[PDB]
Each structure stands twice: as structure tokens, then as C-alpha cells.
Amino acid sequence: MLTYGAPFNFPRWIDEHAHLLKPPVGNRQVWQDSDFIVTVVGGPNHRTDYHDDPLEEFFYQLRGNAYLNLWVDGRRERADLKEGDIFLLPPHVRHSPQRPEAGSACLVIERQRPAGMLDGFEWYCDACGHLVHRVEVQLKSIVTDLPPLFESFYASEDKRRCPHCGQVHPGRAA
């Protein structure tokens, strides 16, 4: 049987769940308990973290503009997602999605991570660019597991303290 239901108009679905896309992630999963994690992400979001996904991530910026802050070698990069753009991210490339515009919508498709394959969430220093803190987690829900992790980073100056130059990361204000 069609465990995930019949086909349905996507633009309409987005219009109807627009009000449900809220910070910090701006996340909303389309189907539950599926191998393909299909989500729509809107704005304005609030991400100061760099995600380290063990698998690839597909992007299709349907509405509005957004961009991904990245690290390509050891340098911070910016990959813009102009409305209409699609993009496939190689596994493990560090990325921090910046979605500043309201009414924005990007289709993001990922995969359920196999047991033992963990996701990483990182923060780097503004000053020396050194790694400040990293949390590895067996990701069970890209919609609910995230906010709690960030909150623990923001609630601790010890986690935010750069082990290289001692600078304390701005927390939820960077």
C-alpha cells in the first residue's frame, strides 16, 4: 500500500504550513518514518552552527533566497541558494544554513542515518577560526533534536570558550 499517502500539490501544502516554519531551524518534515527525510525549511532561521552530515543533502530553493556558510578547505565559504537553485552537498562538508527571509521555502532531502553513523554539530571561533565545540549525535529527528543541542551550547561559556585563543563565542548572537 501507499504507506505515505497519495500525491498532493506541494505549493499548496507549503502555503498551508507556512505559519509552522519557525526558528531556530525553520523545519517541517513532509512524511513521517520514511528512509528519505523530506523537509521544507523557511525563514527567518537562526543558525550559528555548522552541520556535519555523514550523508548527502539535496537542496531546492523553491521560494526566496538563502545561503550556506561553508568551510571548503580551512576557509569559510558562502554558497548562495537563489530561488530556483538546486544543490547536492557532499557528505561531511560543514555548512551553516542562513535563511533570512520570511515566506522563504527550500526543499531539503536527506537520509535516515544508519546506527553508528553520527551527525556532528560544530561552532568555530570568530577570532582564530579554530574549532570551539563539537557535539556528535545519532540523529533521530532533524526537526526536534536540533534546538536542544544548540541551547546547551548557548547556555555554557565553557563550551563556547575557544581552546586556542580563549575567545568566548557570542552564543545565540553570533
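Residue positions are given as counts along the sequence shown, with the first one as 1.
Remark: stretch with higher mean C-alpha B factor among 3-11 and 165-173 is 165-173. Comparing 71-79 with 94-102, the higher mean C-alpha B-factor in the PDB entry belongs to 71-79. Take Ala66, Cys128, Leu107, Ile37 and read off each C-alpha B-factor from the entry; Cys128 has the highest. When the Cα B-factors of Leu62, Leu55, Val143, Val41 are read from the PDB record, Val143 comes out highest. Looking at the C-alpha B-factors along this chain, the one for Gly120 belongs to the lowest third. The entry lists a Cα temperature factor for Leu149 that places it in the highest third of the chain's modelled residues.
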